[PDB]
Amino acid sequence: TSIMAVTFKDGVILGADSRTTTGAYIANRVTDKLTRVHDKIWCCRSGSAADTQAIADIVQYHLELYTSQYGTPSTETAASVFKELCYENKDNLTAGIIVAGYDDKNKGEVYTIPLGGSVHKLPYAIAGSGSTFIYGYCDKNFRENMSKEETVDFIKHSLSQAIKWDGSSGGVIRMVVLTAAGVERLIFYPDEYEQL
Amino acid sequence: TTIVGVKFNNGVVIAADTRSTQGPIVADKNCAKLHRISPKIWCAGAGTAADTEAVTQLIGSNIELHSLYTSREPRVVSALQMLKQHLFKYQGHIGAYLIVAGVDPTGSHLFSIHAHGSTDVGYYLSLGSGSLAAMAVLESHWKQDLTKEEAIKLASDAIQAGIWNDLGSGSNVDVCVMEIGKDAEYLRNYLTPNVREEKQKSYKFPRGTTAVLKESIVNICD
Amino acid sequence: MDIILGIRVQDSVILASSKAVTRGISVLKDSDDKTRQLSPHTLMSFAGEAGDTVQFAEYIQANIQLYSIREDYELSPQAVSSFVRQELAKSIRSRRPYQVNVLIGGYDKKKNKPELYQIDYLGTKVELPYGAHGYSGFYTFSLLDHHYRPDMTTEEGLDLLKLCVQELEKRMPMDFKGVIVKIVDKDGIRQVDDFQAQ
Amino acid sequence: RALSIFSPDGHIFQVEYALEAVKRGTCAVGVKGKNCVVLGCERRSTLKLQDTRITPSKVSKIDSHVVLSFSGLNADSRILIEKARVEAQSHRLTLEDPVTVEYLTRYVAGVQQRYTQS
Amino acid sequence: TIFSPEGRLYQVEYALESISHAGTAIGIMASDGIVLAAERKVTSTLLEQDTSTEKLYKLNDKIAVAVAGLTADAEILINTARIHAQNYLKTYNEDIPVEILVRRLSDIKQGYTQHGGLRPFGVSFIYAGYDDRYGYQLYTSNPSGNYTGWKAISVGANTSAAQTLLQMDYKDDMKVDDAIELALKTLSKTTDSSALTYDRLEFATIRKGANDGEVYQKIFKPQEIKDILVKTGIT
Amino acid sequence: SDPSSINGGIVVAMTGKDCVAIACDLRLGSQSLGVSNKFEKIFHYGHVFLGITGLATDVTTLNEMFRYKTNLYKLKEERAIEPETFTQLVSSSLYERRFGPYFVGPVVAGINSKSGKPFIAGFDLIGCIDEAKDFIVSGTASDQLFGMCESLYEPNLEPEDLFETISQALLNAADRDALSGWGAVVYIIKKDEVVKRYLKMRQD
Amino acid sequence: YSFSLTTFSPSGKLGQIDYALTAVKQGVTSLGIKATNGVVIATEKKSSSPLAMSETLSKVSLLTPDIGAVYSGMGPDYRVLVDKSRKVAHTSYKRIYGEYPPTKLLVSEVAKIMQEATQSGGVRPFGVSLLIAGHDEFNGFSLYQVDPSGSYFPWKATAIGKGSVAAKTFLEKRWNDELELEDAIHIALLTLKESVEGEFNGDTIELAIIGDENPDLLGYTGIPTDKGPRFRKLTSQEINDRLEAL
Amino acid sequence: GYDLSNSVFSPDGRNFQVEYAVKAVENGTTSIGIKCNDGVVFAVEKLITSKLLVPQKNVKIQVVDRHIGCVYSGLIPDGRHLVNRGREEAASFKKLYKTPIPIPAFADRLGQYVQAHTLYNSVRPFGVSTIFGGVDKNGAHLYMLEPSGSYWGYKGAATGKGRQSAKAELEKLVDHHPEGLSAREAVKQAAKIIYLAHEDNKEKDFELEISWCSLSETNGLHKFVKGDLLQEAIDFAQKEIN
Amino acid sequence: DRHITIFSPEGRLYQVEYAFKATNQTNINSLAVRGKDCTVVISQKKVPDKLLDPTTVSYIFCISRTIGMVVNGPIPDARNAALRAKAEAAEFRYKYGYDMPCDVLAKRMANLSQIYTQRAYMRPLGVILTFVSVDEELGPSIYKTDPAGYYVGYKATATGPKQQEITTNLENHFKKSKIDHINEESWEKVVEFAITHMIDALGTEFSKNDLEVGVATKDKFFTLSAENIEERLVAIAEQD
Ligand SMILES: [Mg+2]
Ligand SMILES: [Mg+2]
Ligand SMILES: [Mg+2]
Ligand SMILES: [Mg+2]
Ligand SMILES: [Mg+2]
Ligand SMILES: [Mg+2]
Ligand SMILES: [Mg+2]
Ligand SMILES: [Mg+2]
């Protein structure tokens with residue numbers, strides 16, 4: 001898995017590869033790793049598929065209840081719910097989650113909840129087995145307040161590298177753009193990203 | 001075991017081989033691995049046999065009750081959600097691996113479920129020890145917009161790959177076709193390419209061959 | 001292993017049980033009675049893990065004695081043995097199983113037949129002309145396969161038993177300090193105290 | 001819910017009415033000899049055509065050396081006899097001695113008492 | 001579950017009162033078998049008599065009961081009784097002695113009399129059974145949880161009337177066929193109805209065939225009641 | 001260690017023309033030591049036969065349990081349980097102990113009293129149903145039995161012939177198993193009658 | 001409130017069970033009639049507003065593919081009893097024997113649910129009587145009444161609620177043991193007309209049968225030992241067809 | 001006797017037990033809350049029963065989390081019971097969702113809890129009315145909650161013995177200042193309104209307690225009004241009484 | 001017999017009957033109509049006290065993304081019912097993987113009401129609940145539940161003290177039009193029809209602050225602000 005969320009000028013973008021493996025067999029080559037927990041709050045999952053799905057479902061349930069009663073939840077609130085589940089169940093969970101969201105007061109925000117259940121607010125985040133190979137690349141090319149077009153390019157290049165070096169990553173690059181304008185789903189095929 | 005699911009233009013088909021094994025021994029040469037969750041939602045299982053049948057009957061039973069309670073046809077997403085939540089609760093201990101397919105008022109659906117409670121969606125899937133042989137056929141011949149006929153052929157062919165090349169699969173092909181307009185059609189022993197040849201000899205014994213010590217009538221009645 | 005033998009002749013069931021109690025390197029006692037009377041016509045011998053053995057025997061005894069008083073009646077040997085089996089079958093899947101093997105000998109007054117049951121700690125029950133628990137069986141079953149007759153008197157049975165005990169004194173590696181022999185017939189339960197010389 | 005409570009005069013009405021039920025029961029008597037005790041009871045005359053073989057008799061063995069009889073609600077008596085028999089077996093099991101008659105009485109009496117404040 | 005100033009149990013007394021309005025059930029014990037006969041309360045042409053079981057229930061292969069009172073209450077108790085029988089069979093590998101079964105059911109009834117503040121069961125039973133200890137046996141239990149053994153007995157309506165009639169004509173050395181006759185005559189004489197017809201009866205025997213050794217329960221099918229009602233001469 | 005191997009034993013059942021057969025060995029052992037030569041492993045509840053192999057304590061228990069459950073069934077339903085229904089009851093009863101199972105291999109044989117259809121089935125220790133129409137095999141000599149039956153079997157055998165086949169299958173499979181044999185019993189089951197035969201066999 | 005609310009009165013009466021039976025008497029008439037090859041259960045849809053849509057409220061319910069029910073008395077009490085009857089069919093029977101319960105046994109379970117509301121602490125009895133009609137392999141067709149006390153009885157034909165005494169009379173005259181299903185449906189429509197005030201058509205009347213297997217209602221083909229439900233609710237138009245040839 | 005148990009509806013659909021609970025409130029000391037342009041003000045009357053009561057010491061206004069004030073009239077313990085619950089309810093929220101509880105969220109929490117005590121006959125309704133509020137993500141809010149569990153938002157609120165005077169004075173402010181009211185004005189006015197409403201109970205002396213939660217005057221935290229600000233507000237109420 | 005939900009000798013449940021009486025204590029009327037592809041609920045909004053914040057006075061609730069609920073009854077019991085419904089709708093989605101239908105939520109809330117009807121220790125809630133949505137299977141939908149645990153589907157309906165006025169008004173419209181919904185394509189027109197027929201039936205004119213409006217369309221249920229309503233009042237004042 002290679003997953004990332006990047007904040008930019010108008011919001012935030014989530015990207016991921018589409019490969020799921022058991023050992024060296026590719027169980028699914030077109031997985032959707034980008035998961036909606038609310039209209040404009042999404043997460044990328046890594047670790048145990050079972051764990052992360054079950055967690056994602058519970059958060060989605062909590063935030064639907066939240067909306068019924070209290071209105072629109074902040075991205076921080078979403079991250080808090082994820083943390084709670086991951087922390088309190090750290091013994092039986094192998095889950096690493098990146099939470100990304102758009103919100104009118106707060107613009108684009110990114111939180112990462114790595115394996116211990118800790119929370120970290122960041123301008124951008126990378127995770128999954130494929131991420132190790134792009135720490136240098138990402139640290140070098142990321143700037144704050146990038147345009148949409150620039151941001152789409154940064155994720156595309158980053159994940160093509162991660163895909164190139166990690167056998168656990170591959171397939172297509174999916175992205176979700178989160179802005180005041182709405183929700184935009186992107187996809188990029190190998191023949192585009194391999195030749196960068 | 002080889003099980004496949006293949007989506008087509010107006011529905012979804014599932015197929016399976018018919019071999020049951022206790023280690024290297026073939027126990028049943030023709031069991032049915034295609035099970036009904038509801039009339040238009042079927043599934044095939046691989047892994048612990050008792051588990052897949054049980055998790056199928058439990059959830060089938062709850063789905064009936066849900067349908068009666070809500071006055072609506074069962075949805076495949078409900079079969080999925082229930083199965084995945086149940087399997088998850090047991091942390092892998094219920095060794096059920098399932099391809100679940102069906103038609104409901106929202107359209108047609110194909111899913112895979114793994115024993116720890118994770119799910120996948122797709123247009124074509126396979127599970128079982130015959131998994132890779134069948135997937136090799138699927139990856140070769142699947143296209144978007146298959147007709148009913150093409151999809152049956154494709155799925156049938158994928159099960160054959162498993163039958164011929166996987167020691168874990170054999171005997172016959174069962175198919176079930178779930179088209180959006182219609183009733184679901186279960187096609188038991190749709191293909192039978194593994195007929196036992198006539199034996200060279202007959203082993204029926206001359207009567208009296210067995211030595212008997214003691215004999216008596218058994219009372220059944222009361 | 002403690003020695004636990006039973007043989008049913010024509011009109012009685014004979015039980016013999018080793019007298020030794022050994023912990024580690026020392027023989028603590030050479031006169032142990034590995035038996036409890038359950039009812040006037042039913043006797044139970046036992047062998048297995050140290051504390052469990054007596055604890056189980058007395059528990060069963062308490063329960064059968066309770067039944068006798070509640071019903072002013074004596075349960076058949078078949079019923080007592082079914083009851084015992086069930087208790088063992090329960091315990092095998094419990095947190096701490098009873099590790100006890102038992103022989104049950106009884107005289108059924110309603111049928112006028114003697115009866116011998118062998119039940120291991122798993123709740124495996126079988127009814128037999130003769131039986132043993134532990135290593136004893138490895139010698140004694142073949143002896144009795146050879147020497148046993150269904151029509152034997154109580155005294156023939158004791159001679160046959162004498163032969164079993166002689167064999168075990170010869171071939172078995174542990175000193176089990178002889179047996180206590182008990183006969184169960186129509187007149188109840190009696191102890192043969194003359195087995196040191198017959 | 002409390003059913004047995006104190007009255008203004010200091011009586012526990014439900015216990016007092018329990019005594020009334022005894023008063024209504026068939027008569028039982030016991031006298032002790034110099035080397036024995038005899039227990040005698042009367043048989044009711046509401047309906048007859050009884051099978052005496054099988055009808056629960058009024059004197060009960062609690063153990064091989066101790067008997068119990070009663071007057072009052074027949075059904076109520078069965079509960080006491082059962083607990084008494086169980087306690088007798090349990091006493092043999094833990095003290096390796098059958099109960100004394102005083103011990104057994106103190107036991108039944110305590111069960112009776114317990115039902116007046118629960 | 002409380003005492004009256006006379007030392008009586010209100011709710012139990014009132015339950016007994018309820019029972020005296022229920023159809024009469026009669027049990028007679030002969031030397032070679034037992035009879036159970038009962039009158040069905042309130043009938044209609046449209047009632048399905050063939051597939052009906054409101055007063056006579058099989059507890060086990062060797063034990064049956066006749067019911068007087070609330071049918072729904074009785075079904076609760078019958079079911080616990082059927083279970084108790086199988087626990088006993090599983091524990092001891094023997095069919096449960098009749099008294100043991102009766103004593104358990106009575107104890108459950110007694111319980112509702114002493115704790116919980118739930119109403120008692122509005123039910124009285126006649127138990128018909130055989131075992132190898134006491135042979136044929138008849139018992140009775142009522143909402144108090146008291147139980148007694150009898151050579152002949154009745155429950156429900158007109159017990160007093162039926163009790164006197166049975167006392168009159170019962171004789172120890174009776175045979176079952178004679179006891180069948182006795183039970184039907186007694187119901188016939190105590191009915192609050194015009195006449196005693198087959199469609200107002202339940203009937204059952206427990207017989208130990210002489211050319212056998214084991215015991216058979218016969219629950220009379222309506223047709224056979226009609227026949228036996230003619231044989232004994234009540235057409 | 002392996003509970004399925006401690007005591008020993010085999011059961012086999014076959015179908016024929018308007019009949020079924022079920023057979024078992026008589027051995028009860030404790031590893032190498034043979035303890036009883038009278039341990040039968042076939043039971044019946046009305047007209048439904050059940051053979052059980054495996055840990056002998058569990059064999060006994062499950063017999064007692066299915067007597068219990070079928071007795072109640074008969075009282076409530078006012079008819080004897082049929083083979084198809086019983087198969088289901090065995091299955092769900094086993095699966096109820098999923099994570100602490102009984103160490104047994106049950107085999108069910110009978111004729112449906114309404115349809116007259118011959119019926120057999122088998123289960124694994126947790127209730128998975130093997131529904132095959134020809135033969136079902138179980139126990140420490142299951143491989144041997146599978147071999148014998150696959151070779152010896154033909155459909156639509158007459159009761160008198162089905163008897164020879166099943167007996168031969170059992171005897172020869174037993175003789176290649178150290179933990180089976182010591183005597184054998186065979187049931188020939190028809191709508192109207194059931195015959196029981198004790199076979200003569202090697203006492204080693 | 002952990003004590004019984006249904007107690008015995010000095011006369012031996014169980015007050016709340018009587019009072020519940022009174023509630024049933026006030027309810028809209030329903031009936032059931034048993035033929036040789038079927039059973040019909042029927043009732044009136046007494047709608048509470050002409051602004052209400054009467055099909056969104058069924059008084060006739062499937063309990064199992066071969067068992068249906070109808071009631072008289074308090075509707076909401078019926079609704080929950082149906083939910084619990086459906087569940088108990090599964091938890092106490094189908095999950096055990098892999099088939100649906102015979103009619104008598106399911107009725108027996110529903111009766112038990114009602115009986116308990118008659119004895120448990122802090123509850124009132126159910127205010128309904130149900131008629132339950134079904135088929136099963138070994139008992140054939142059957143019809144049962146169940147009362148708030150938990151009693152049940154088998155009927156060849158019966159009626160409950162408002163006009164029950166007159167309707168029981170009209171049935172007692174008209175019933176015989178040679179009735180085909182179509183005839184029983186006829187008799188059911190007639191009997192129901194006497195007790196129905198307003199409009200009498202396929203929109204105000206509710207009929208279901210327990211008849212032949214309906215393979216078109218199964219939902220799938222392929223398995224031939226499975227033939228379809230015997231419970232069928234007649235449509236508005238099927239009802240009207242039988243009224244014009246009245 | 002339709003008024004022996006709580007969960008009992010009267011034939012007209014009323015709950016007499018709740019109606020009687022209100023009498024306990026009316027019987028209580030007077031308290032008020034005023035919603036200003038960017039905050040809320042709470043004020044209450046403390047009856048000086050005796051010289052022996054220590055001044056400034058029997059605090060009545062209670063804080064919940066850091067941003068909410070609660071004041072009540074009726075049975076004091078009942079109000080404490082309710083604030084304890086409010087505190088658990090606010091912590092549980094913060095624990096899961098990380099943000100401090102919004103005032104309407106908190107309102108309904110108290111609301112649902114109070115209503116629960118009118119569903120069962122083994123319980124009595126609360127014998128208080130509570131005035132509460134604070135600042136959250138989107139403004140100031142003021143609430144009043146009655147023994148039935150009824151609550152609504154307010155521009156101004158009053159309860160207890162002096163309720164009617166206070167409401168009349170409150171109504172005036174709403175008319176004279178449609179634009180808004182500065183947090184310091186609202187404090188001064190609160191001291192006035194409590195002073196005016198005191199006359200309905202003039203036979204005993206009283207001590208005044210004020211607290212506030214303003215975005216600009218307290219950073220959106222609840223703080224007690226103390227020293228200089230309290231004295232200046234008192235002097236205002238004194239001067240404006242004549 | 002009059003204090004708890006046990007039967008009276010006439011077979012009645014008095015506490016249930018008294019709970020229906022509570023439903024009118026607020027003296028508010030409400031009505032609901034189905035459009036071609038929407039559903040509209042209107043309720044009167046009365047703000048007697050000048051000290052109240054008008055914005056927090058509401059008897060319309062957003063239960064889920066798709067379901068709205070109007071309540072006729074005192075607010076505390078109303079909010080108790082709203083919370084449960086919200087929770088029940090969230091749970092359904094989680095367990096069964098689709099949005100809870102209007103009718104199913106209704107059946108569920110009715111089932112809970114039945115329980116209060118049967119168990120001695122719970123009092124019924126003094127409220128009538130009207131549920132609206134555009135169901136994905138059934139189209140625009142109105143389902144109403146009461147303290148008896150009764151519920152049904154409606155073509156249109158009305159609730160409150162002056163319930164009958166409005167009912168007969170609509171009853172007459174549907175006698176005329178012969179169909180079972182308002183034959184209009186935009187929800188703005190269906191909201192107008194609804195306000196119009198409330199005016200005729202109740203014989204009152206409404207300002208923007210006297211009304212409260214909820215609209216359910218495919219995949220959203222929402223409520224109108226004062227200003228959305230004002231735009232609706234102006235529009236009606238050009239045929240009328
Ligand atoms: Mg790669
Ligand atoms: Mg193969
Ligand atoms: Mg094997
Ligand atoms: Mg061998
Ligand atoms: Mg050998
Ligand atoms: Mg006011
Ligand atoms: Mg209450
Ligand atoms: Mg209630």
# chains A, B, ... in the order shown; residues from 1 in each chain; ligands from 1
$ residues_around --residues "residue 64 in chain C" --least-positions-apart "2" --cutoff "9 Å" --atoms "only C-alpha atoms" --output "number ranges by chain"
C: 38-39, 59-62, 66-69, 74-75, 80
$ write_last_selection --atoms "N, CA and C atoms" --output "PDB file, in the first residue's frame"
ATOM      1  N   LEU C  38     -20.949 -47.217  48.033  1.00  0.00           N
ATOM      2  CA  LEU C  38     -21.917 -46.247  47.528  1.00  0.00           C
ATOM      3  C   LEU C  38     -23.316 -46.547  48.071  1.00  0.00           C
ATOM      4  N   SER C  39     -23.714 -47.807  48.021  1.00  0.00           N
ATOM      5  CA  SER C  39     -24.927 -48.261  48.669  1.00  0.00           C
ATOM      6  C   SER C  39     -24.629 -49.678  49.151  1.00  0.00           C
ATOM      7  N   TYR C  59     -17.629 -37.454  46.951  1.00  0.00           N
ATOM      8  CA  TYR C  59     -18.675 -36.724  46.258  1.00  0.00           C
ATOM      9  C   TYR C  59     -19.739 -37.689  45.694  1.00  0.00           C
ATOM     10  N   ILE C  60     -19.307 -38.697  44.937  1.00  0.00           N
ATOM     11  CA  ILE C  60     -20.228 -39.712  44.412  1.00  0.00           C
ATOM     12  C   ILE C  60     -20.999 -40.425  45.556  1.00  0.00           C
ATOM     13  N   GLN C  61     -20.277 -40.770  46.633  1.00  0.00           N
ATOM     14  CA  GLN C  61     -20.861 -41.432  47.788  1.00  0.00           C
ATOM     15  C   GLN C  61     -21.954 -40.546  48.419  1.00  0.00           C
ATOM     16  N   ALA C  62     -21.618 -39.292  48.708  1.00  0.00           N
ATOM     17  CA  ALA C  62     -22.591 -38.319  49.185  1.00  0.00           C
ATOM     18  C   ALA C  62     -23.864 -38.292  48.325  1.00  0.00           C
ATOM     19  N   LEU C  66     -27.624 -39.679  49.353  1.00  0.00           N
ATOM     20  CA  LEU C  66     -28.724 -38.727  49.296  1.00  0.00           C
ATOM     21  C   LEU C  66     -29.909 -39.330  48.548  1.00  0.00           C
ATOM     22  N   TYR C  67     -29.651 -39.872  47.363  1.00  0.00           N
ATOM     23  CA  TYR C  67     -30.696 -40.531  46.595  1.00  0.00           C
ATOM     24  C   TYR C  67     -31.402 -41.638  47.407  1.00  0.00           C
ATOM     25  N   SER C  68     -30.621 -42.461  48.107  1.00  0.00           N
ATOM     26  CA  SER C  68     -31.167 -43.570  48.892  1.00  0.00           C
ATOM     27  C   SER C  68     -32.188 -43.091  49.937  1.00  0.00           C
ATOM     28  N   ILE C  69     -31.863 -42.000  50.609  1.00  0.00           N
ATOM     29  CA  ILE C  69     -32.707 -41.467  51.650  1.00  0.00           C
ATOM     30  C   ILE C  69     -33.939 -40.742  51.093  1.00  0.00           C
ATOM     31  N   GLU C  74     -32.712 -48.287  46.844  1.00  0.00           N
ATOM     32  CA  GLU C  74     -31.339 -48.388  46.358  1.00  0.00           C
ATOM     33  C   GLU C  74     -31.303 -48.477  44.838  1.00  0.00           C
ATOM     34  N   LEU C  75     -30.623 -47.505  44.223  1.00  0.00           N
ATOM     35  CA  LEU C  75     -30.415 -47.444  42.770  1.00  0.00           C
ATOM     36  C   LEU C  75     -29.660 -48.673  42.294  1.00  0.00           C
ATOM     37  N   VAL C  80     -26.180 -46.345  38.937  1.00  0.00           N
ATOM     38  CA  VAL C  80     -25.097 -45.686  39.656  1.00  0.00           C
ATOM     39  C   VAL C  80     -23.932 -45.460  38.694  1.00  0.00           C
TER      40      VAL C  80
END
$ residues_around --residues "residue 140 in chain G" --least-positions-apart "6" --cutoff "10 Å" --atoms "only C-alpha atoms" --output "VMD selection string"
chain G and resid 36 to 38 102 to 103 134
$ write_last_selection --atoms "C-alpha atoms" --output "PDB file, in the first residue's frame"
ATOM      1  CA  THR G  36     -60.213 -30.354   1.817  1.00  0.00           C
ATOM      2  CA  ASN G  37     -57.387 -28.820  -0.201  1.00  0.00           C
ATOM      3  CA  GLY G  38     -56.858 -25.436   1.444  1.00  0.00           C
ATOM      4  CA  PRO G 102     -45.630 -27.624  11.536  1.00  0.00           C
ATOM      5  CA  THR G 103     -48.678 -25.354  12.251  1.00  0.00           C
ATOM      6  CA  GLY G 134     -51.229 -23.457   7.743  1.00  0.00           C
TER       7      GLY G 134
END
$ residues_around --residues "residue 104 in chain D" --least-positions-apart "6" --cutoff "8 Å" --atoms "only C-alpha atoms" --output "list in words"
residues 84, 87 and 88 of chain D
$ residues_near_ligand --ligand "ligand 4" --cutoff "12 Å" --atoms "only C-alpha atoms and all ligand atoms" --output "ChimeraX atom specification"
/F:8-10,25-29,32,34,140-141,144,170-184,201-204
$ write_last_selection --atoms "N, CA and C atoms" --output "short mmCIF file (atom, residue, chain, number, x, y, z; two decimals), in the first residue's frame"
data_model
loop_
_atom_site.label_atom_id
_atom_site.label_comp_id
_atom_site.auth_asym_id
_atom_site.auth_seq_id
_atom_site.Cartn_x
_atom_site.Cartn_y
_atom_site.Cartn_z
N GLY F 8 -10.32 -46.16 19.04
CA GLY F 8 -10.52 -46.92 17.82
C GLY F 8 -11.94 -47.07 17.28
N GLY F 9 -12.13 -47.59 16.07
CA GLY F 9 -13.45 -47.93 15.56
C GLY F 9 -13.86 -47.45 14.19
N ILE F 10 -14.75 -48.16 13.49
CA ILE F 10 -15.18 -47.75 12.17
C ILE F 10 -16.66 -47.96 12.02
N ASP F 25 -17.48 -51.87 13.79
CA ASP F 25 -16.71 -52.88 14.48
C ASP F 25 -17.07 -52.83 15.95
N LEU F 26 -16.49 -53.72 16.74
CA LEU F 26 -16.93 -53.82 18.12
C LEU F 26 -15.84 -53.41 19.10
N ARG F 27 -14.68 -53.02 18.57
CA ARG F 27 -13.54 -52.77 19.42
C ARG F 27 -13.69 -51.51 20.24
N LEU F 28 -13.29 -51.60 21.50
CA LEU F 28 -13.02 -50.43 22.31
C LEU F 28 -11.64 -50.62 22.91
N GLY F 29 -10.74 -49.70 22.61
CA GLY F 29 -9.39 -49.81 23.12
C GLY F 29 -8.91 -48.58 23.83
N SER F 32 -2.85 -49.19 22.54
CA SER F 32 -2.53 -50.56 22.14
C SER F 32 -3.40 -51.62 22.80
N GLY F 34 -6.61 -53.46 24.03
CA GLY F 34 -8.01 -53.69 23.73
C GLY F 34 -8.71 -53.93 25.04
N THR F 140 -11.06 -44.72 12.20
CA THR F 140 -9.62 -44.82 12.08
C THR F 140 -9.14 -45.49 10.79
N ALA F 141 -10.00 -46.35 10.22
CA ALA F 141 -9.77 -46.96 8.91
C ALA F 141 -10.60 -46.31 7.80
N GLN F 144 -9.02 -46.98 4.32
CA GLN F 144 -9.25 -48.36 3.96
C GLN F 144 -10.69 -48.56 3.49
N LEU F 170 -16.17 -53.83 5.20
CA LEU F 170 -15.82 -53.57 6.59
C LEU F 170 -14.69 -54.48 7.07
N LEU F 171 -14.82 -55.77 6.84
CA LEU F 171 -13.84 -56.76 7.30
C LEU F 171 -12.44 -56.47 6.77
N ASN F 172 -12.33 -56.31 5.46
CA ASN F 172 -11.03 -56.06 4.86
C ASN F 172 -10.42 -54.71 5.22
N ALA F 173 -11.25 -53.70 5.42
CA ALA F 173 -10.74 -52.41 5.81
C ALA F 173 -10.26 -52.47 7.26
N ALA F 174 -11.05 -53.12 8.11
CA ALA F 174 -10.69 -53.33 9.52
C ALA F 174 -9.36 -54.05 9.68
N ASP F 175 -9.15 -55.08 8.86
CA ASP F 175 -7.98 -55.94 9.02
C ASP F 175 -6.67 -55.23 8.72
N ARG F 176 -6.75 -54.12 7.99
CA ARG F 176 -5.60 -53.26 7.77
C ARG F 176 -5.48 -52.11 8.77
N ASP F 177 -6.26 -52.18 9.84
CA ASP F 177 -6.20 -51.17 10.88
C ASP F 177 -5.93 -51.83 12.22
N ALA F 178 -4.89 -51.35 12.89
CA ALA F 178 -4.49 -51.90 14.18
C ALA F 178 -5.52 -51.60 15.26
N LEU F 179 -6.27 -50.51 15.08
CA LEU F 179 -7.20 -50.04 16.10
C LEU F 179 -8.68 -50.38 15.84
N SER F 180 -8.94 -51.16 14.80
CA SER F 180 -10.31 -51.57 14.47
C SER F 180 -10.48 -53.07 14.52
N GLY F 181 -11.74 -53.51 14.48
CA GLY F 181 -12.07 -54.93 14.38
C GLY F 181 -12.61 -55.49 15.67
N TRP F 182 -12.08 -56.64 16.08
CA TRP F 182 -12.49 -57.32 17.31
C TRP F 182 -13.95 -57.78 17.33
N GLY F 183 -14.52 -57.98 16.14
CA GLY F 183 -15.94 -58.27 16.02
C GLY F 183 -16.59 -57.18 15.20
N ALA F 184 -17.73 -57.49 14.60
CA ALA F 184 -18.45 -56.54 13.75
C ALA F 184 -19.94 -56.81 13.75
N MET F 201 -14.95 -62.67 12.56
CA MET F 201 -13.78 -61.99 12.05
C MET F 201 -12.55 -62.25 12.92
N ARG F 202 -11.37 -61.92 12.39
CA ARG F 202 -10.11 -62.11 13.11
C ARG F 202 -10.11 -61.42 14.47
N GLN F 203 -9.75 -62.16 15.50
CA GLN F 203 -9.70 -61.60 16.84
C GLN F 203 -8.31 -61.11 17.26
N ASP F 204 -7.60 -60.54 16.29
CA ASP F 204 -6.35 -59.84 16.56
C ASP F 204 -6.45 -58.37 16.13
#
$ residues_near_ligand --ligand "ligand 8" --cutoff "6 Å" --atoms "only C-alpha atoms and all ligand atoms" --output "list in words"
residues 4, 5, 116, 117, 118, 119, 120, 121, 122, 123 and 124 of chain I
$ atom_distance --atom1 "CA of residue 43 in chain H" --atom2 "CA of residue 76 in chain I"
26.1 Å
$ closest_residue --among "I:134, I:45, I:125, I:224" --to "ligand 7" --atoms "only C-alpha atoms and all ligand atoms"
I:125
$ residues_near_ligand --ligand "ligand 6" --cutoff "10 Å" --atoms "only C-alpha atoms and all ligand atoms" --output "number ranges by chain"
H: 157-159, 163-164, 167; I: 48-49, 51
